[PDB]
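S.K.: My structure is stored as entry07.json, with JSON, N, CA and C atoms.
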[["chain", "number", "residue", "atom", "x", "y", "z"],
["A", 1, "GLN", "N", 0.85, -1.22, 0.00],
["A", 1, "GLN", "CA", 0.00, 0.00, 0.00],
["A", 1, "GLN", "C", 0.87, 1.26, 0.00],
["A", 2, "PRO", "N", 0.36, 2.29, -0.61],
["A", 2, "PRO", "CA", 1.10, 3.57, -0.69],
["A", 2, "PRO", "C", 1.04, 4.31, 0.65],
["A", 3, "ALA", "N", 1.89, 3.96, 1.58],
["A", 3, "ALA", "CA", 1.87, 4.66, 2.90],
["A", 3, "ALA", "C", 2.85, 3.99, 3.87],
["A", 4, "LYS", "N", 2.73, 4.28, 5.14],
["A", 4, "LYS", "CA", 3.66, 3.67, 6.14],
["A", 4, "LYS", "C", 3.20, 2.24, 6.47],
["A", 5, "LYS", "N", 3.68, 1.71, 7.57],
["A", 5, "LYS", "CA", 3.27, 0.33, 7.96],
["A", 5, "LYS", "C", 2.25, 0.39, 9.09],
["A", 6, "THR", "N", 1.28, -0.49, 9.08],
["A", 6, "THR", "CA", 0.26, -0.48, 10.17],
["A", 6, "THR", "C", 0.47, -1.67, 11.10],
["A", 7, "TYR", "N", 0.16, -1.51, 12.36],
["A", 7, "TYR", "CA", 0.34, -2.63, 13.32],
["A", 7, "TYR", "C", -0.98, -3.39, 13.48],
["A", 8, "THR", "N", -0.93, -4.59, 14.00],
["A", 8, "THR", "CA", -2.19, -5.37, 14.20],
["A", 8, "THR", "C", -2.24, -5.94, 15.62],
["A", 9, "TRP", "N", -3.35, -5.81, 16.28],
["A", 9, "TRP", "CA", -3.46, -6.34, 17.67],
["A", 9, "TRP", "C", -4.63, -7.32, 17.78],
["A", 10, "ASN", "N", -4.49, -8.32, 18.61],
["A", 10, "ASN", "CA", -5.59, -9.32, 18.77],
["A", 10, "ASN", "C", -5.90, -9.53, 20.25],
["A", 11, "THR", "N", -4.89, -9.47, 21.09],
["A", 11, "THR", "CA", -5.13, -9.67, 22.55],
["A", 11, "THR", "C", -5.17, -8.31, 23.26],
["A", 12, "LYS", "N", -5.93, -8.21, 24.32],
["A", 12, "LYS", "CA", -6.01, -6.92, 25.05],
["A", 12, "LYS", "C", -4.63, -6.56, 25.63],
["A", 13, "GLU", "N", -3.89, -7.54, 26.07],
["A", 13, "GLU", "CA", -2.54, -7.25, 26.63],
["A", 13, "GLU", "C", -1.63, -6.69, 25.54],
["A", 14, "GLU", "N", -1.70, -7.25, 24.37],
["A", 14, "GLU", "CA", -0.84, -6.74, 23.26],
["A", 14, "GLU", "C", -1.25, -5.32, 22.89],
["A", 15, "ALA", "N", -2.52, -5.08, 22.74],
["A", 15, "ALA", "CA", -2.99, -3.71, 22.39],
["A", 15, "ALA", "C", -2.62, -2.74, 23.52],
["A", 16, "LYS", "N", -2.90, -3.12, 24.74],
["A", 16, "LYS", "CA", -2.55, -2.23, 25.89],
["A", 16, "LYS", "C", -1.04, -2.10, 25.97],
["A", 17, "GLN", "N", -0.34, -3.14, 25.60],
["A", 17, "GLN", "CA", 1.15, -3.10, 25.65],
["A", 17, "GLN", "C", 1.69, -2.12, 24.61],
["A", 18, "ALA", "N", 1.16, -2.15, 23.41],
["A", 18, "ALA", "CA", 1.66, -1.20, 22.37],
["A", 18, "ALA", "C", 1.32, 0.23, 22.78],
["A", 19, "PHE", "N", 0.19, 0.43, 23.40],
["A", 19, "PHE", "CA", -0.19, 1.80, 23.83],
["A", 19, "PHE", "C", 0.75, 2.26, 24.95],
["A", 20, "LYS", "N", 1.01, 1.41, 25.91],
["A", 20, "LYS", "CA", 1.93, 1.79, 27.01],
["A", 20, "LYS", "C", 3.34, 1.95, 26.44],
["A", 21, "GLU", "N", 3.78, 1.00, 25.65],
["A", 21, "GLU", "CA", 5.13, 1.11, 25.04],
["A", 21, "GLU", "C", 5.15, 2.33, 24.12],
["A", 22, "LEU", "N", 4.02, 2.66, 23.54],
["A", 22, "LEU", "CA", 3.96, 3.85, 22.65],
["A", 22, "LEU", "C", 4.31, 5.09, 23.47],
["A", 23, "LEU", "N", 3.72, 5.23, 24.62],
["A", 23, "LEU", "CA", 4.03, 6.41, 25.48],
["A", 23, "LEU", "C", 5.51, 6.37, 25.90],
["A", 24, "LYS", "N", 6.01, 5.20, 26.22],
["A", 24, "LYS", "CA", 7.44, 5.09, 26.63],
["A", 24, "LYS", "C", 8.34, 5.58, 25.49],
["A", 25, "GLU", "N", 8.06, 5.18, 24.29],
["A", 25, "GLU", "CA", 8.89, 5.63, 23.14],
["A", 25, "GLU", "C", 8.66, 7.13, 22.91],
["A", 26, "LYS", "N", 7.50, 7.60, 23.25],
["A", 26, "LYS", "CA", 7.20, 9.05, 23.08],
["A", 26, "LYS", "C", 7.77, 9.83, 24.26],
["A", 27, "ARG", "N", 8.38, 9.15, 25.19],
["A", 27, "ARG", "CA", 8.97, 9.83, 26.38],
["A", 27, "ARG", "C", 7.90, 10.65, 27.11],
["A", 28, "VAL", "N", 6.67, 10.22, 27.07],
["A", 28, "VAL", "CA", 5.61, 10.99, 27.78],
["A", 28, "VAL", "C", 5.94, 11.07, 29.28],
["A", 29, "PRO", "N", 5.90, 12.27, 29.80],
["A", 29, "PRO", "CA", 6.21, 12.48, 31.24],
["A", 29, "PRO", "C", 5.06, 11.96, 32.11],
["A", 30, "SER", "N", 5.30, 11.80, 33.38],
["A", 30, "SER", "CA", 4.23, 11.30, 34.29],
["A", 30, "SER", "C", 3.21, 12.42, 34.55],
["A", 31, "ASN", "N", 3.50, 13.61, 34.11],
["A", 31, "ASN", "CA", 2.55, 14.74, 34.33],
["A", 31, "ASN", "C", 1.98, 15.21, 33.00],
["A", 32, "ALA", "N", 2.11, 14.42, 31.97],
["A", 32, "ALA", "CA", 1.58, 14.83, 30.64],
["A", 32, "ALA", "C", 0.05, 14.78, 30.64],
["A", 33, "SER", "N", -0.58, 15.66, 29.91],
["A", 33, "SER", "CA", -2.07, 15.65, 29.85],
["A", 33, "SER", "C", -2.51, 14.67, 28.76],
["A", 34, "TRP", "N", -3.67, 14.10, 28.87],
["A", 34, "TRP", "CA", -4.10, 13.15, 27.81],
["A", 34, "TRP", "C", -3.91, 13.80, 26.44],
["A", 35, "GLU", "N", -4.06, 15.09, 26.36],
["A", 35, "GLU", "CA", -3.88, 15.78, 25.05],
["A", 35, "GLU", "C", -2.42, 15.68, 24.59],
["A", 36, "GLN", "N", -1.49, 15.98, 25.46],
["A", 36, "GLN", "CA", -0.05, 15.91, 25.08],
["A", 36, "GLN", "C", 0.37, 14.46, 24.83],
["A", 37, "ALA", "N", 0.01, 13.58, 25.72],
["A", 37, "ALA", "CA", 0.39, 12.15, 25.55],
["A", 37, "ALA", "C", -0.37, 11.54, 24.37],
["A", 38, "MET", "N", -1.65, 11.78, 24.29],
["A", 38, "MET", "CA", -2.45, 11.21, 23.16],
["A", 38, "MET", "C", -1.89, 11.66, 21.82],
["A", 39, "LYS", "N", -1.63, 12.92, 21.65],
["A", 39, "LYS", "CA", -1.10, 13.39, 20.34],
["A", 39, "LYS", "C", 0.29, 12.79, 20.07],
["A", 40, "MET", "N", 1.16, 12.86, 21.04],
["A", 40, "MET", "CA", 2.52, 12.29, 20.85],
["A", 40, "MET", "C", 2.45, 10.80, 20.53],
["A", 41, "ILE", "N", 1.42, 10.14, 20.98],
["A", 41, "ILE", "CA", 1.30, 8.68, 20.71],
["A", 41, "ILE", "C", 0.41, 8.42, 19.49],
["A", 42, "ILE", "N", -0.52, 9.29, 19.22],
["A", 42, "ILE", "CA", -1.40, 9.07, 18.04],
["A", 42, "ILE", "C", -0.55, 9.16, 16.77],
["A", 43, "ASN", "N", 0.37, 10.08, 16.73],
["A", 43, "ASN", "CA", 1.24, 10.18, 15.52],
["A", 43, "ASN", "C", 1.78, 8.79, 15.18],
["A", 44, "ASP", "N", 1.83, 7.92, 16.15],
["A", 44, "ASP", "CA", 2.33, 6.53, 15.91],
["A", 44, "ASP", "C", 1.15, 5.58, 15.71],
["A", 45, "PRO", "N", 1.35, 4.61, 14.85],
["A", 45, "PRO", "CA", 0.28, 3.62, 14.56],
["A", 45, "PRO", "C", -0.06, 2.81, 15.81],
["A", 46, "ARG", "N", 0.77, 2.87, 16.81],
["A", 46, "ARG", "CA", 0.49, 2.11, 18.06],
["A", 46, "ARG", "C", -0.80, 2.62, 18.71],
["A", 47, "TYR", "N", -1.17, 3.84, 18.43],
["A", 47, "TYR", "CA", -2.43, 4.38, 19.02],
["A", 47, "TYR", "C", -3.60, 3.51, 18.59],
["A", 48, "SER", "N", -3.50, 2.92, 17.43],
["A", 48, "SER", "CA", -4.59, 2.04, 16.94],
["A", 48, "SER", "C", -4.62, 0.76, 17.78],
["A", 49, "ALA", "N", -3.65, 0.59, 18.64],
["A", 49, "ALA", "CA", -3.63, -0.61, 19.50],
["A", 49, "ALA", "C", -4.88, -0.60, 20.38],
["A", 50, "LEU", "N", -5.47, 0.55, 20.56],
["A", 50, "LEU", "CA", -6.70, 0.63, 21.40],
["A", 50, "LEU", "C", -7.84, 1.26, 20.60],
["A", 51, "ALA", "N", -8.92, 0.55, 20.46],
["A", 51, "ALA", "CA", -10.07, 1.09, 19.68],
["A", 51, "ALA", "C", -10.85, 2.11, 20.51],
["A", 52, "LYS", "N", -10.88, 1.94, 21.80],
["A", 52, "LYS", "CA", -11.63, 2.90, 22.66],
["A", 52, "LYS", "C", -10.70, 3.96, 23.25],
["A", 53, "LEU", "N", -11.10, 5.19, 23.24],
["A", 53, "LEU", "CA", -10.24, 6.24, 23.83],
["A", 53, "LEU", "C", -10.20, 6.07, 25.35],
["A", 54, "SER", "N", -11.27, 5.59, 25.92],
["A", 54, "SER", "CA", -11.30, 5.39, 27.40],
["A", 54, "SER", "C", -10.17, 4.44, 27.80],
["A", 55, "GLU", "N", -9.99, 3.37, 27.08],
["A", 55, "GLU", "CA", -8.89, 2.44, 27.42],
["A", 55, "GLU", "C", -7.56, 3.12, 27.08],
["A", 56, "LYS", "N", -7.54, 3.90, 26.03],
["A", 56, "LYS", "CA", -6.28, 4.62, 25.67],
["A", 56, "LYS", "C", -5.87, 5.51, 26.84],
["A", 57, "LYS", "N", -6.82, 6.14, 27.48],
["A", 57, "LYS", "CA", -6.50, 7.02, 28.64],
["A", 57, "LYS", "C", -6.06, 6.18, 29.83],
["A", 58, "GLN", "N", -6.71, 5.07, 30.07],
["A", 58, "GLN", "CA", -6.31, 4.21, 31.21],
["A", 58, "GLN", "C", -4.88, 3.73, 31.00],
["A", 59, "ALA", "N", -4.54, 3.36, 29.80],
["A", 59, "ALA", "CA", -3.15, 2.90, 29.52],
["A", 59, "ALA", "C", -2.19, 4.07, 29.69],
["A", 60, "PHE", "N", -2.59, 5.25, 29.28],
["A", 60, "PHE", "CA", -1.70, 6.43, 29.44],
["A", 60, "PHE", "C", -1.55, 6.76, 30.92],
["A", 61, "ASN", "N", -2.63, 6.74, 31.65],
["A", 61, "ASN", "CA", -2.55, 7.03, 33.11],
["A", 61, "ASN", "C", -1.69, 5.96, 33.78],
["A", 62, "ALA", "N", -1.89, 4.73, 33.41],
["A", 62, "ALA", "CA", -1.07, 3.63, 33.99],
["A", 62, "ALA", "C", 0.38, 3.84, 33.57],
["A", 63, "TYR", "N", 0.58, 4.34, 32.38],
["A", 63, "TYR", "CA", 1.97, 4.58, 31.90],
["A", 63, "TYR", "C", 2.66, 5.60, 32.81],
["A", 64, "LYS", "N", 1.97, 6.65, 33.18],
["A", 64, "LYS", "CA", 2.58, 7.67, 34.07],
["A", 64, "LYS", "C", 2.85, 7.05, 35.44],
["A", 65, "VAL", "N", 1.92, 6.27, 35.93],
["A", 65, "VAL", "CA", 2.12, 5.63, 37.27],
["A", 65, "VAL", "C", 3.26, 4.61, 37.20],
["A", 66, "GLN", "N", 3.60, 4.17, 36.02],
["A", 66, "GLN", "CA", 4.71, 3.18, 35.88],
["A", 66, "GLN", "C", 6.04, 3.91, 35.72],
["A", 67, "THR", "N", 6.01, 5.15, 35.33],
["A", 67, "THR", "CA", 7.28, 5.92, 35.16],
["A", 67, "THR", "C", 7.40, 7.00, 36.24],
["A", 68, "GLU", "N", 6.67, 6.86, 37.31],
["A", 68, "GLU", "CA", 6.74, 7.88, 38.40],
["A", 68, "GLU", "C", 7.50, 7.31, 39.60],
["A", 69, "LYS", "N", 7.45, 7.98, 40.72],
["A", 69, "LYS", "CA", 8.16, 7.48, 41.92],
["A", 69, "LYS", "C", 9.65, 7.30, 41.62]]
Turn this file's structure into structure tokens for me.
M.R.:
Amino acid sequence: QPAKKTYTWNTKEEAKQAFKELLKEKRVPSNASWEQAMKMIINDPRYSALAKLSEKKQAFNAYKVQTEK
């Protein structure tokens, strides 16, 4: 196809994993707002790892709690 490469997810852990790993690669800070983290991660196809934005936010919030303390 005329474009970049797309990722594919089948298990909730894999999709949630790409979203969390997506924030890690985006260096999202633990104090980033869903807007800053979501945009920095949406630019990446990993954002498609989650079909619901509510789960996308839970993974982002969990991502900050995993890179804090």
S.K.: Quick one: residues within 12 Å of (1.3, 5.5, 16.3) (file frame), counting only C-alpha atoms, please, as a short mmCIF file (atom, residue, chain, number, x, y, z; two decimals) with N, CA and C atoms, in the frame of the given file.
M.R.:
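out_4.cif, written as the output of this step:
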data_model
loop_
_atom_site.label_atom_id
_atom_site.label_comp_id
_atom_site.auth_asym_id
_atom_site.auth_seq_id
_atom_site.Cartn_x
_atom_site.Cartn_y
_atom_site.Cartn_z
N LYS A 4 2.73 4.28 5.14
CA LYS A 4 3.66 3.67 6.14
C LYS A 4 3.20 2.24 6.47
N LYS A 5 3.68 1.71 7.57
CA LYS A 5 3.27 0.33 7.96
C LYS A 5 2.25 0.39 9.09
N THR A 6 1.28 -0.49 9.08
CA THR A 6 0.26 -0.48 10.17
C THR A 6 0.47 -1.67 11.10
N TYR A 7 0.16 -1.51 12.36
CA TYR A 7 0.34 -2.63 13.32
C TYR A 7 -0.98 -3.39 13.48
N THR A 8 -0.93 -4.59 14.00
CA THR A 8 -2.19 -5.37 14.20
C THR A 8 -2.24 -5.94 15.62
N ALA A 15 -2.52 -5.08 22.74
CA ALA A 15 -2.99 -3.71 22.39
C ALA A 15 -2.62 -2.74 23.52
N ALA A 18 1.16 -2.15 23.41
CA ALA A 18 1.66 -1.20 22.37
C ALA A 18 1.32 0.23 22.78
N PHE A 19 0.19 0.43 23.40
CA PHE A 19 -0.19 1.80 23.83
C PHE A 19 0.75 2.26 24.95
N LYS A 20 1.01 1.41 25.91
CA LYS A 20 1.93 1.79 27.01
C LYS A 20 3.34 1.95 26.44
N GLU A 21 3.78 1.00 25.65
CA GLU A 21 5.13 1.11 25.04
C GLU A 21 5.15 2.33 24.12
N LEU A 22 4.02 2.66 23.54
CA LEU A 22 3.96 3.85 22.65
C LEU A 22 4.31 5.09 23.47
N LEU A 23 3.72 5.23 24.62
CA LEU A 23 4.03 6.41 25.48
C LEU A 23 5.51 6.37 25.90
N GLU A 25 8.06 5.18 24.29
CA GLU A 25 8.89 5.63 23.14
C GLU A 25 8.66 7.13 22.91
N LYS A 26 7.50 7.60 23.25
CA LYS A 26 7.20 9.05 23.08
C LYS A 26 7.77 9.83 24.26
N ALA A 37 0.01 13.58 25.72
CA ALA A 37 0.39 12.15 25.55
C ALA A 37 -0.37 11.54 24.37
N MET A 38 -1.65 11.78 24.29
CA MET A 38 -2.45 11.21 23.16
C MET A 38 -1.89 11.66 21.82
N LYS A 39 -1.63 12.92 21.65
CA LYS A 39 -1.10 13.39 20.34
C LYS A 39 0.29 12.79 20.07
N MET A 40 1.16 12.86 21.04
CA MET A 40 2.52 12.29 20.85
C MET A 40 2.45 10.80 20.53
N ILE A 41 1.42 10.14 20.98
CA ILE A 41 1.30 8.68 20.71
C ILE A 41 0.41 8.42 19.49
N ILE A 42 -0.52 9.29 19.22
CA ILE A 42 -1.40 9.07 18.04
C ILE A 42 -0.55 9.16 16.77
N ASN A 43 0.37 10.08 16.73
CA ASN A 43 1.24 10.18 15.52
C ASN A 43 1.78 8.79 15.18
N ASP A 44 1.83 7.92 16.15
CA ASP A 44 2.33 6.53 15.91
C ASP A 44 1.15 5.58 15.71
N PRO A 45 1.35 4.61 14.85
CA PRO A 45 0.28 3.62 14.56
C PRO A 45 -0.06 2.81 15.81
N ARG A 46 0.77 2.87 16.81
CA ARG A 46 0.49 2.11 18.06
C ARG A 46 -0.80 2.62 18.71
N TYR A 47 -1.17 3.84 18.43
CA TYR A 47 -2.43 4.38 19.02
C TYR A 47 -3.60 3.51 18.59
N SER A 48 -3.50 2.92 17.43
CA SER A 48 -4.59 2.04 16.94
C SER A 48 -4.62 0.76 17.78
N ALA A 49 -3.65 0.59 18.64
CA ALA A 49 -3.63 -0.61 19.50
C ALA A 49 -4.88 -0.60 20.38
N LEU A 50 -5.47 0.55 20.56
CA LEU A 50 -6.70 0.63 21.40
C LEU A 50 -7.84 1.26 20.60
#
S.K.: For atom C of residue A:55 and atom CA of residue A:34, determine how far apart the two atoms are, in Å to one decimal place.
M.R.: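 Those two atoms sit 10.6 Å apart.
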S.K.: One decimal, Å: what's the distance from atom CA of residue A:51 over to atom N of residue A:31, could you say?
M.R.: 23.4 Å
S.K.: Counting only C-alpha atoms, which of A:3, A:9, A:16, A:30 gets nearest to residue A:68?
M.R.: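 Among A:3, A:9, A:16, A:30, it is A:30 that comes nearest to residue A:68.
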S.K.: Kindly give the distance, in Å, that separates atom N of residue A:65 and atom C of residue A:28, rounded to a single decimal.
M.R.: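 Separating atom N of residue A:65 from atom C of residue A:28 is a distance of 9.1 Å.
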S.K.: Using all atoms of stretch 1-5 of chain A listed in the file and a margin of 8 Å per side, can you give the axis-aligned box centre and edge lengths in Å to one decimal, as lines of an AutoDock Vina configuration file?
M.R.:
center_x = 1.8
center_y = 1.7
center_z = 4.2
size_x = 19.7
size_y = 21.9
size_z = 25.8
S.K.: Identify, with DSSP run on backbone atoms, the residues in chain A assigned to helix (DSSP H, G or I), and express the list as a ChimeraX atom specification.
M.R.: /A:12-25,34-42,45-49,53-66
S.K.: Would you save the residues from that selection as a short mmCIF file (atom, residue, chain, number, x, y, z; two decimals), in the coordinates of the input, using N, CA and C atoms?
M.R.:
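Contents of result_30.cif, as written:
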data_model
loop_
_atom_site.label_atom_id
_atom_site.label_comp_id
_atom_site.auth_asym_id
_atom_site.auth_seq_id
_atom_site.Cartn_x
_atom_site.Cartn_y
_atom_site.Cartn_z
N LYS A 12 -5.93 -8.21 24.32
CA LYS A 12 -6.01 -6.92 25.05
C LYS A 12 -4.63 -6.56 25.63
N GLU A 13 -3.89 -7.54 26.07
CA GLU A 13 -2.54 -7.25 26.63
C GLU A 13 -1.63 -6.69 25.54
N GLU A 14 -1.70 -7.25 24.37
CA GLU A 14 -0.84 -6.74 23.26
C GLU A 14 -1.25 -5.32 22.89
N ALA A 15 -2.52 -5.08 22.74
CA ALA A 15 -2.99 -3.71 22.39
C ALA A 15 -2.62 -2.74 23.52
N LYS A 16 -2.90 -3.12 24.74
CA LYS A 16 -2.55 -2.23 25.89
C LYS A 16 -1.04 -2.10 25.97
N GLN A 17 -0.34 -3.14 25.60
CA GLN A 17 1.15 -3.10 25.65
C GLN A 17 1.69 -2.12 24.61
N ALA A 18 1.16 -2.15 23.41
CA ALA A 18 1.66 -1.20 22.37
C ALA A 18 1.32 0.23 22.78
N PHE A 19 0.19 0.43 23.40
CA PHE A 19 -0.19 1.80 23.83
C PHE A 19 0.75 2.26 24.95
N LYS A 20 1.01 1.41 25.91
CA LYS A 20 1.93 1.79 27.01
C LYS A 20 3.34 1.95 26.44
N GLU A 21 3.78 1.00 25.65
CA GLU A 21 5.13 1.11 25.04
C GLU A 21 5.15 2.33 24.12
N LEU A 22 4.02 2.66 23.54
CA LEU A 22 3.96 3.85 22.65
C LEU A 22 4.31 5.09 23.47
N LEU A 23 3.72 5.23 24.62
CA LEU A 23 4.03 6.41 25.48
C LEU A 23 5.51 6.37 25.90
N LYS A 24 6.01 5.20 26.22
CA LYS A 24 7.44 5.09 26.63
C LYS A 24 8.34 5.58 25.49
N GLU A 25 8.06 5.18 24.29
CA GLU A 25 8.89 5.63 23.14
C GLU A 25 8.66 7.13 22.91
N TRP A 34 -3.67 14.10 28.87
CA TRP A 34 -4.10 13.15 27.81
C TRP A 34 -3.91 13.80 26.44
N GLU A 35 -4.06 15.09 26.36
CA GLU A 35 -3.88 15.78 25.05
C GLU A 35 -2.42 15.68 24.59
N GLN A 36 -1.49 15.98 25.46
CA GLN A 36 -0.05 15.91 25.08
C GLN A 36 0.37 14.46 24.83
N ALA A 37 0.01 13.58 25.72
CA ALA A 37 0.39 12.15 25.55
C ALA A 37 -0.37 11.54 24.37
N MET A 38 -1.65 11.78 24.29
CA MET A 38 -2.45 11.21 23.16
C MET A 38 -1.89 11.66 21.82
N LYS A 39 -1.63 12.92 21.65
CA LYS A 39 -1.10 13.39 20.34
C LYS A 39 0.29 12.79 20.07
N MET A 40 1.16 12.86 21.04
CA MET A 40 2.52 12.29 20.85
C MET A 40 2.45 10.80 20.53
N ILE A 41 1.42 10.14 20.98
CA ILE A 41 1.30 8.68 20.71
C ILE A 41 0.41 8.42 19.49
N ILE A 42 -0.52 9.29 19.22
CA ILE A 42 -1.40 9.07 18.04
C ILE A 42 -0.55 9.16 16.77
N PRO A 45 1.35 4.61 14.85
CA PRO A 45 0.28 3.62 14.56
C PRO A 45 -0.06 2.81 15.81
N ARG A 46 0.77 2.87 16.81
CA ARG A 46 0.49 2.11 18.06
C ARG A 46 -0.80 2.62 18.71
N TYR A 47 -1.17 3.84 18.43
CA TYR A 47 -2.43 4.38 19.02
C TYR A 47 -3.60 3.51 18.59
N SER A 48 -3.50 2.92 17.43
CA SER A 48 -4.59 2.04 16.94
C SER A 48 -4.62 0.76 17.78
N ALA A 49 -3.65 0.59 18.64
CA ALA A 49 -3.63 -0.61 19.50
C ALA A 49 -4.88 -0.60 20.38
N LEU A 53 -11.10 5.19 23.24
CA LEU A 53 -10.24 6.24 23.83
C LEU A 53 -10.20 6.07 25.35
N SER A 54 -11.27 5.59 25.92
CA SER A 54 -11.30 5.39 27.40
C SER A 54 -10.17 4.44 27.80
N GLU A 55 -9.99 3.37 27.08
CA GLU A 55 -8.89 2.44 27.42
C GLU A 55 -7.56 3.12 27.08
N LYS A 56 -7.54 3.90 26.03
CA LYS A 56 -6.28 4.62 25.67
C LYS A 56 -5.87 5.51 26.84
N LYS A 57 -6.82 6.14 27.48
CA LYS A 57 -6.50 7.02 28.64
C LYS A 57 -6.06 6.18 29.83
N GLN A 58 -6.71 5.07 30.07
CA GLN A 58 -6.31 4.21 31.21
C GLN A 58 -4.88 3.73 31.00
N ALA A 59 -4.54 3.36 29.80
CA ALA A 59 -3.15 2.90 29.52
C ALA A 59 -2.19 4.07 29.69
N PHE A 60 -2.59 5.25 29.28
CA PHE A 60 -1.70 6.43 29.44
C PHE A 60 -1.55 6.76 30.92
N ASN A 61 -2.63 6.74 31.65
CA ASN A 61 -2.55 7.03 33.11
C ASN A 61 -1.69 5.96 33.78
N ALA A 62 -1.89 4.73 33.41
CA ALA A 62 -1.07 3.63 33.99
C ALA A 62 0.38 3.84 33.57
N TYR A 63 0.58 4.34 32.38
CA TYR A 63 1.97 4.58 31.90
C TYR A 63 2.66 5.60 32.81
N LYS A 64 1.97 6.65 33.18
CA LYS A 64 2.58 7.67 34.07
C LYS A 64 2.85 7.05 35.44
N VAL A 65 1.92 6.27 35.93
CA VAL A 65 2.12 5.63 37.27
C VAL A 65 3.26 4.61 37.20
N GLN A 66 3.60 4.17 36.02
CA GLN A 66 4.71 3.18 35.88
C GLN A 66 6.04 3.91 35.72
#
S.K.: Can you work out which one of A:27, A:67, A:59, A:1 has the shortest atom-to-atom distance to residue A:14, counting only C-alpha atoms?
M.R.: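 Distance minimum relative to residue A:14 lands on A:59.
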